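>
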Amino acid sequence: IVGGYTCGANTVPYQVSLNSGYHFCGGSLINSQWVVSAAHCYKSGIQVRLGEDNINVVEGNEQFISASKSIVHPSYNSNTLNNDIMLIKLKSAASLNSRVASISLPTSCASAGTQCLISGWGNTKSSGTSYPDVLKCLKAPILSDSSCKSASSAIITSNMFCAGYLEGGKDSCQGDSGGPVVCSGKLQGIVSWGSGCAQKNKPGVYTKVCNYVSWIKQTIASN
Ligand SMILES: [Ca+2]
């Protein structure tokens, strides 16, 4: 997260860290046994880390659970990142408490102007590299599609939405991928991609979760 703030230990209880020997992506707990993340975050042998704040210090509220099954969206396109969403089932149910809670799926899509909360342990520099050990937060509004499309050299589909700032300085970044974008108490997006980080004329692009609720519910009910 670039231009954000320190969230506060466990203030984003649904936020998870995907670990394969180190943190590589974020995710969201949607129920005691399932996590939603980005398909481009797929990796073999994933361990999900819950109740985390500082990812390099055992603080006392963590739960480390290995994935039993990973399900990348059937139509994921690695060249355009269309349908960049993936489901991960945990080997055992997470223990839900005040520091580990699930986030609700949307009943309808959110509109431009709506403020959302984006979080992650990604790079905090638009230029250079600096990875935080504690969770960073950023409040950002959903923008009209044209806001991202105007200066984009890549395809932006109806399965993606634009969020962030046009004058740069604030944005999600590498390492934040797969993380949540929560608006009005609902998981509306997944950190997917962008052109650099916090660059002018180029806000972030996120997977539009509201388009995948049916697939998510059917898959969870059948696995
Ligand atoms: Ca920790």
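Residues 16 to 34, 37 to 67, 69 to 125, 127 to 130, 132 to 184, 184A, 185 to 188, 188A, 189 to 204, 209 to 217, 219 to 221, 221A, 222 to 245 in the authors' numbering are what the sequence shown spells out, letter by letter. Note that beta-carbon positions come from the ideal geometry of N, C-alpha and C, so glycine has one too.
Contact between the stretch 177-184 and the stretch 88-101 is defined here as three or more beta-carbon pairs at a separation below 8 angstroms; is this criterion met?
The stretch 177-184 is in contact with the stretch 88-101.
> Who are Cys-157's beta bridge partners in DSSP?
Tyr-20 and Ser-139, per the DSSP bridge assignment.
> From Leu-114 to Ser-86, what does the alpha carbon distance come to, in whole angstroms?
Looking at the two C-alpha atoms, the distance is approximately 19 angstroms.
> I'd like to confirm something about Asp-194: is its beta-carbon nearer than 8 angstroms to some heavy atom of ligand 2, or not?
The model on display carries ligand 1 but not ligand 2.
> What is the C-beta distance between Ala-221 and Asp-189, in whole angstroms, given that I count them as a contact (C-beta under 8 angstroms)?
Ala-221 to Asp-189, Cβ: 4 angstroms. Contact.
> So, with DSSP's three-state summary, where would you put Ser-244?
Helix at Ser-244.
> With a cut-off of 8 angstroms, do at least 3 Cβ pairs link the stretch 104-122 to the stretch 164-174?
Judged by Cβ distances under 8 angstroms, the stretch 104-122 makes no contact with the stretch 164-174, as fewer than three pairs qualify.
> How many angstroms separate the CA atom of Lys-169 from the CA atom of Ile-175?
Near 8 angstroms, if we compare the C-alpha coordinates of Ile-175 and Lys-169.
> From which residue to which residue does the alpha helix (DSSP H) around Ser-150 run?
It is not in any alpha helix (DSSP H) - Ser-150 carries neither H nor E in the DSSP assignment.
> Between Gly-187, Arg-66, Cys-128 and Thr-98, which lies nearest to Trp-51 when the distance is taken from Cα to Cα?
The residue with the shortest Cα to Cα distance from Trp-51 is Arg-66.
> Alpha carbon to alpha carbon, how far is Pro-152 from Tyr-29?
Using only the alpha carbons, I get a separation of about 19 angstroms.
> With a threshold of 8 angstroms, establish whether the CB of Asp-71 neighbours any heavy atom of ligand 1.
Answer for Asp-71: yes, Cβ within range of ligand 1.
> Excluding sequence positions up to five away, which residues of its chain have a Cβ less than 6 angstroms from the Cβ of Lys-204?
Taken in chain order, the residues that qualify are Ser-122 and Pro-124.
> Determine the closest residue to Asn-48 out of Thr-229, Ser-172 and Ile-106, with distance taken between C-alpha atoms.
Nearest option by C-alpha distance: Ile-106.
> Residues in the same chain with beta-carbon distance under 6 angstroms from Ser-32, minus the five sequence neighbours each way, listed in chain order, please.
The residues are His-40, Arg-66, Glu-70 and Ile-73.
> Helix, strand or coil, according to DSSP, for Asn-223 in the structure here?
In the structure shown, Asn-223 sits in coil (DSSP, three-state: anything other than H, G, I, E or B).
> Buried or exposed, going by whether 16 or more other CB atoms sit within 10 Å of the CB of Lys-222?
Exposed is the call here.
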